[PDB]
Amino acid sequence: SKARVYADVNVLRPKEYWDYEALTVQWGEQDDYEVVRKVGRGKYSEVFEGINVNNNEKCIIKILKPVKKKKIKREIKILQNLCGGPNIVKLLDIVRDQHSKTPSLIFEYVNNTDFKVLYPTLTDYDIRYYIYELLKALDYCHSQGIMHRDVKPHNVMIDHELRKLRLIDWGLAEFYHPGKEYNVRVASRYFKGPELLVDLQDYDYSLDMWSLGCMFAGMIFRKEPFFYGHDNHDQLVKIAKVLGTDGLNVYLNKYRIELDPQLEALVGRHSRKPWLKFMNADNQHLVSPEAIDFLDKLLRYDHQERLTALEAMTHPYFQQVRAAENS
């Protein structure tokens, strides 16, 4: 398998663009940044609102938990390469503690609202608008030879008062090289594409479009998360019960993949459910043939058949967002 767009971005660029192991980190001054309050945490970092003591401007300080040199360089290089792109979080400095060597990444501040409380209040137009803004970020990173590989609501910061969005946490992101076999232990379970779940390692930017489609399904159907598996096997089952097993077998045969027999046994046999099986009273104002059409074109087993992010931006579901942007 090869990406159908942007396959040659790293082939054409200087080796230094993508050879992140050759990066020499240029450390700033740790005392320029002071922690104000904790705002997030995860397996690989704790996140704080901070202040730059020189100019009294807010920032975000991401303090990294113990990590290999290779992995920190990958995230720094990808952030450096993407800084300035539409709706991409901006890495401003990189510092570390002298005694422990604990590194902190310093970002422009973003004033986010908890998605679990925000999404119930978004109107149909707001869903179209924020998904468009997220697609700007995905088409940009893909155009720069990068897959994010962890798109989920937790990594999409939205300041709803200011209608501003940033795609954050580039810690799982990778450069795309044609034919490379990648680790499938990426993304959050509920957003993992079928490629990860069936061990197709030569995947590409289209992985991010499956994760996007799971986010979008969750928003328009008001079902968080949309595919609610308890482990990676159960995740494929939850997908197969919606998309049907016929499509799955076609996919598996095309890429000459066989399922582990236990996984095969769990998946069983399922007809394709129609997307309208999911509409109900709470979500009804958000669900339309344009939304379903757009969703159906993202949630395909075959990663080669999904819309690209640039194709998604042009889908008529977004016509009003485009028209508004034009003036």
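So that the term is clear: the rigid core is the largest set of C-alpha atoms that superpose within 1.5 Å between two forms. Numbering starts at 1 and runs along the sequence shown.
Between stretches 190-198 and 93-101, greater average Cα displacement in 9 other deposited structures of this protein relative to the shown form, fitted by the core, falls on 93-101. For the pair 261-269 and 43-51, the record assigns the higher mean C-alpha temperature factor to 261-269. Taking only CA atoms, the mean B-factor in the PDB entry is higher for 97-105 than for the other of 97-105 and 152-160. Between the residues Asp246, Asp234, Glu195, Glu174, the entry's highest C-alpha temperature factor is the one at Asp246. Highest CA B-factor among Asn81, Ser143, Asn253, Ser188, as stated in the entry: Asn253. Per the deposited record, the Cα B-factor of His285 falls in the middle third when ranked against the other modelled residues of its chain. Sort the chain's modelled residues by C-alpha temperature factor and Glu133 lands in the lowest third, per the entry. Annotation for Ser206: CA B-factor lies in the lowest third of the chain's modelled residues. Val321: CA B factor lies in the middle third for its chain, per the PDB record. When the modelled residues of the chain are ordered by their C-alpha B factor, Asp169 lands in the lowest third.
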